[PDB]
Structures are given as C-alpha cells and as structure tokens.
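Next up is one chain by itself, shown in structure tokens, the form deposited in one PDB entry.
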C-alpha cells in the first residue's frame, strides 16, 4: 500500500532484500522517513508515502495538492513531523496555536481564515482546513508551510503567507476596480483579479481606500487612488506596522506586529462582543486598542460608489 494523497491506496508487494528507497524511491511512514530501511516482521499492510515515481502517483498528487513541485511532499512530511506535536487550544471560540517554533504568524493566519468566507480549491487544503476548524490543525499548518516554502522554526510574514495561500483560494469571482488620478494628468481605470482583488498593501484603513489614498507621482506632483468597485466576501488591508486605533464595529480582525523586521511578535485582534487579543494560548479583552498594526481584515459582499 503506497499513497501520495492518503485517499487512493495502491497495493504493492515487497522484497526482503532492499530498502524502500530502493523499491519505492524516496519513501516515508508515519513521518518516520523509512527510505533507507527494510521490510518488517509486523506492520505489513502498511500505507507508505512516496514520491510520484510514476505517471499515476504524479497525477494523484497534482489533483489533490494542485502542485507540480517535486519537493513539496517531502517538505510537507518534514513539517508534519513537528506540527503534529503542537497544541491547538480553542481561544475566544476559535482554533489557535500554543506558541512554539516561531509559529506566531501561522497562528494569526489560521485565526483570521476562520473568520473569512473563504474556500480552497486544492482538496488537501479544503480538507485540512475543515479539520483545523474543528481543532485538528497540524496537517493544515504543515500544508501552509509547504505551500509557502517555509520550514518550522522560521519567523514568517503573515501578508506573504496569505499571498501564497490565497493563490489556492476560490477568488474566481472576486473583482476590484480602482480609479487613479493625477490633477496634472488624466484619469486611469484599473481592474484587479485574483489575489490583488482582495489584498492591498499601503494602508490599513478600507475607508481610506474608498475616499482616496496617495503616493509620490510620475510627472511632477502626487497621484491618487480610489475604490470605485469591490466584489468579494472580505478584503485584507496591509501596511508596514504603524500606530493605529482599532474600534469595535469598524473592522473584522487584525494583526499586530511588535519588534523590527528581523525579529518580532505577532498577536491577533478580533472584535466580537468586545475586542479580543489572541496571543497563542492567551486571551485578553479590551474596549479599544492603539498599537502597531500591520494587517486589518474587513467584511464585504458588494461595494460600489
């Protein structure tokens, strides 16, 4: 029994002589890489993981994971070896992660997804996510790491991570139209789809984007950008961390980042009855917040001006 998706098993008969690596190529088993080891006296009838050695495992790996990256399953396994050892407490109603291995940023990603009307197209993601929502999150965390080419123990950036993951999200009907202006110039309409329809870097305030947001121009004096139309279930506003005040009823959730670029700490802020700050296993409550915020999520259905 080999498998690359844990859904389709492929019965195989083993030889005393060689190691799995010999007969199967790169191999695994319950995380325990068993590539260069031989058959047992007990656990035959075992399901093994394997590299798409052949046209059919390749095809099943792709349909499940929606990736052609030959290194993916290996990196995924390695991460799973650590994440399956993580704790995943329910905090303010949501699955979150006990701090370990600089998993901060994954903790914020996971808490924020649980609040967005979002679906994944890769079956591995859809499934792993459903289980994470029920508090079984190791696979899902290890998939996040693998899909964004990070390893356990690195600190990571939440915005970059969402970038990789939302590429695998159902954005197929998301649309964003922005008007651009230059009062020593004319007026340019732009339409954005996929990830950039929901993800904006340059201000934390969705209103600001509605009423116009500025930056140094390309002809003499500054140019403006404003939102003429939005279609999606949410939007994510990001900016380098800056002192910013979050009020109840104004936003859905947010991330704070304290530190510098190289090293620092994320916590997650969500507004229910009141504002909550989730710091892995830890929860605190507050009526209002002013701190270094870097991502703010807003709820949406259809906006037009």
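Residue numbers count along the first chain shown, from 1. In this text, rigid core is short for the largest set of C-alphas that superpose within 1.5 Å between two forms.
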Per the record, averaged over C-alpha atoms, which has the higher B-factor: 65-73 or 256-264?
65-73
If you take the mean CA temperature factor per stretch, which one wins between 25-33 and 238-246?
25-33
Report the option among 150, 159, 210, 221 whose CA atom has the maximum B-factor in the deposited record.
221
Specify which of 128, 177, 94, 185 carries the largest Cα B factor in the deposited PDB entry.
185
Sort the modelled residues of this chain by their C-alpha B factor and say whether residue 123 lands in the lowest, middle or highest third.
middle
Chain-relative C-alpha B factor for residue 231 (record values, thirds): the middle
For residue 117, does the deposited CA B-factor place it in the lowest, middle or highest third of the chain?
middle
Report the third (lowest, middle or highest) to which the CA temperature factor of residue 181 belongs, ranking only the modelled residues of the same chain.
highest
Please place residue 57 in the lowest, middle or highest third of its chain according to the CA B-factor in the PDB entry.
highest
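What comes next is about the form deposited in another entry, which does not appear here.
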With a threshold of 2 Å on the C-alpha, tell me if residue 189 counts as moved between the shown form and the other one once the core is superposed.
yes
Quick one: core overlaid, is residue 242 moving 2 Å or more at the Cα between the shown form and the other one?
no
If we fit on the core, is the Cα of residue 284 displaced 2 Å or more between the shown form and the other one?
no
So the C-alpha spacing of residue 135 and residue 32 changes by 3 Å or more in that other deposited form; is that change toward closer or farther than shown?
closer
Closer or farther: the CA pair residue 217/residue 294 in that other deposited form, versus this form, with a change of 3 Å or more?
farther
